[PDB]
Protein chains: 2
Amino acid sequence: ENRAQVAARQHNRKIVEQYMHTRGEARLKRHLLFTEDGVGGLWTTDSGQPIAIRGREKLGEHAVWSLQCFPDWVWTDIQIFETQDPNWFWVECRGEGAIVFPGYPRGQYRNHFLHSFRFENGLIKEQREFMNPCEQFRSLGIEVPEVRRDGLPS
Amino acid sequence: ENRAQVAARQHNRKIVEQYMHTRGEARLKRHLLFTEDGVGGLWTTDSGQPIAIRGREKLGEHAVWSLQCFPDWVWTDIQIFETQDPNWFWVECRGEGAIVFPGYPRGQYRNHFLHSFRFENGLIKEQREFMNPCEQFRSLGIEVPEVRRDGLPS
Ligand SMILES: CCCNc1ccc(C(=O)c2c(-c3ccc(O)cc3)sc3cc(O)ccc23)cc1
Ligand SMILES: CCCNc1ccc(C(=O)c2c(-c3ccc(O)cc3)sc3cc(O)ccc23)cc1
């Protein structure tokens, strides 16, 4: 059983590596790293609800929109964390690139991200990314609220 | 070497568990889980810069303000992730409690969190927590910007 867990972890790590280094036109095929019913998404948004895409083929359809809205996106400063679960990885990284959201001025977006990858049968069953939406607001020219600090010492 | 790494991971895990379960008056002594020069803080804020405190004694001083602003805070749904680094852990959890920020109405704050814990010689050298600040804005009655989605399909 330990041999099976070790083998799963090693293979899954290669998939995480491949995902994190998928750039440019290869983004059109990144969905093939998911199970048929795999889910990917952004878990931190202005609404408090995730923007999640469910199903490998729907993830592939979304990559068209991803490549339009973030045409040169790269992940950088990538640190991959294996865990005691051979099917669960975390990644700390940054990401950056142009942001071209319809109805907003073209901007430059940079942020810090955490990703969660859960695997089933050697492919990604659930990917989730987490960031501070305030930095995306800034990239879109959206005013960020400020918490008044007068009575809040650090 | 492997035995030493195994020993470090097992002890460090106990410190993470203790930190995550610390609530109530025990919060006044949570800083004793840190190295003398240890750092803790919130990495996701409206400004884009962390609110971090460096030094065990300064962390202890801050606990007074933590108990004022978050008088009944509890971490729930705790999942601890060991990693390939015996001195690095991640935690996925939620947190909840009253929020009592000076000059804002008293509110009820709930959020999802990720924590990072890095250890040195059996104590926490760096703790960092990550959340979506939009949920904290809501708890304070602060208006959250909304990204227009008319052109952005999911
Ligand atoms: C592959 C799974 C989906 N992955 C993502 C990745 C990034 C985003 C994203 O940046 C955001 C939106 C979006 C929706 C649909 C679309 O076509 C493109 C962008 S709306 C919105 C509001 C905010 O407050 C913050 C971020 C976003 C959304 C989903
Ligand atoms: C030593 C560990 C530091 N740990 C924390 C934990 C939580 C916060 C926090 O919620 C925030 C503030 C705060 C500052 C000083 C203080 O006394 C109490 C609260 S201001 C602010 C603005 C935002 O946009 C979002 C969050 C916060 C800050 C620091």
Side-chain angles (χ1 to χ4, degrees), chain A residues 9 13 41-54 58 61-62 64-65 69 79-85 88-92 100-104 110-114 116 128 130-138 140 142-154, chain B residues 9 13 41-48 50-53 58 61-62 64-65 68-69 79-85 88-92 100-104 110-116 128 130-138 140-142 144-145 147-151 153-154:
Chain A
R9 187 177 288 102
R13 181 162 173 113
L42 173 63
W43 253 245
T44 48
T45 74
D46 69 77
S47 73
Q49 294 302 307
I51 298 163
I53 305 293
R54 309 183 173 275
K58 291 180 185 180
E61 296 175 2
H62 186 80
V64 178
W65 299 104
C69 290
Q79 305 180 271
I80 294 171
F81 298 95
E82 311 166 356
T83 76
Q84 70 270 30
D85 181 343
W88 204 330
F89 291 70
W90 290 87
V91 181
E92 182 175 11
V100 189
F101 267 33
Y104 291 88
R110 299 174 71 260
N111 217 346
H112 177 270
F113 293 78
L114 304 170
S116 176
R128 304 175 293 158
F130 304 84
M131 50 60 161
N132 180 356
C134 295
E135 296 302 301
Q136 196 167 344
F137 299 159
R138 286 187 169 88
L140 294 168
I142 295 167
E143 182 173 357
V144 179
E146 190 175 16
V147 174
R148 299 185 294 276
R149 289 282 305 267
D150 306 276
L152 291 167
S154 69
Chain B
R9 187 177 285 103
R13 187 186 172 102
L42 172 63
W43 253 244
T44 49
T45 74
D46 69 77
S47 72
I51 299 168
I53 302 296
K58 289 257 177 270
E61 292 177 2
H62 181 80
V64 175
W65 298 105
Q68 178 183 309
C69 296
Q79 300 180 275
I80 296 169
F81 298 95
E82 315 171 336
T83 78
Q84 70 270 35
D85 181 346
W88 205 330
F89 290 70
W90 291 87
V91 176
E92 180 173 12
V100 187
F101 274 25
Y104 289 89
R110 293 177 60 78
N111 217 348
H112 177 270
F113 293 79
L114 302 172
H115 293 249
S116 174
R128 304 175 292 155
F130 304 86
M131 51 60 160
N132 181 356
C134 294
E135 295 303 300
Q136 194 166 346
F137 301 156
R138 283 181 174 91
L140 292 168
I142 296 168
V144 178
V147 176
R148 303 184 294 276
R149 294 213 41 194
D150 298 283
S154 64

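Letters go in sequence order (proteins before strands), and every chain restarts at 1. As a basis for the values below, the full set of heavy atoms in this structure was taken, side chains included, without hydrogen atoms, waters or symmetry mates.
- Put simply, CG on A/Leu152 and CD on B/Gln68 are 8.5 Å apart, with the number rounded to the nearest 0.5 Å.
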Checklist entry - Could you walk me through whether A/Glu92 and B/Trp90 pass the side-chain contact (heavy atoms from CB on, under 4.5 Å) check? => result CA-CA 10 Å; A/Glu92 182 175 11; B/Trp90 291 87; 3.5 Å; yes
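- Contact record, B/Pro102 with A/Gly151: CG-O, 3.1 Å, taken as the closest heavy-atom pair.
- Note: A/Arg148 CZ to B/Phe101 CZ = 11.5 Å, rounded to the nearest 0.5 Å.
- Of the two parts of B/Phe81, the backbone and the side chain both hold a non-hydrogen atom closer than 4.5 Å to a non-hydrogen atom of chain A.
- In this structure, B/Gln79 CD and A/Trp88 CH2 are separated by 4.0 Å, a value rounded to the nearest 0.5 Å.
- Residues A/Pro145 and B/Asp46 are not in side-chain contact: their nearest non-hydrogen atoms beyond the backbone lie 4.5 Å or more apart.
- Between the CD atom in B/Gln84 and the CZ atom in A/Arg13 there is a gap of 5.5 Å [rounded to 0.5 Å].
- Atom OG1 of A/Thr44 sits about 12.0 Å away from atom CZ of B/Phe130, to the nearest 0.5 Å.
- Neither the backbone nor the side chain of B/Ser116 has a heavy atom closer than 4.5 Å to any heavy atom of chain A.
- Between B/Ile51 and A/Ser154, the closest heavy-atom pair is CG2-CB, 3.7 Å.
- Across every non-hydrogen atom of B/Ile142 and A/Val147, the tightest pair is CD1-CG2, 3.8 Å.
- Only the side chain of A/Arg128 comes within contact range of chain B, with at least one heavy atom under 4.5 Å from a heavy atom of that chain.
- To the nearest 0.5 angstrom, A/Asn132 atom CG is 7.5 Å from B/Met131 atom CE.
- In this structure, no portion of B/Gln136 lies under 4.5 Å from any heavy atom of chain A.
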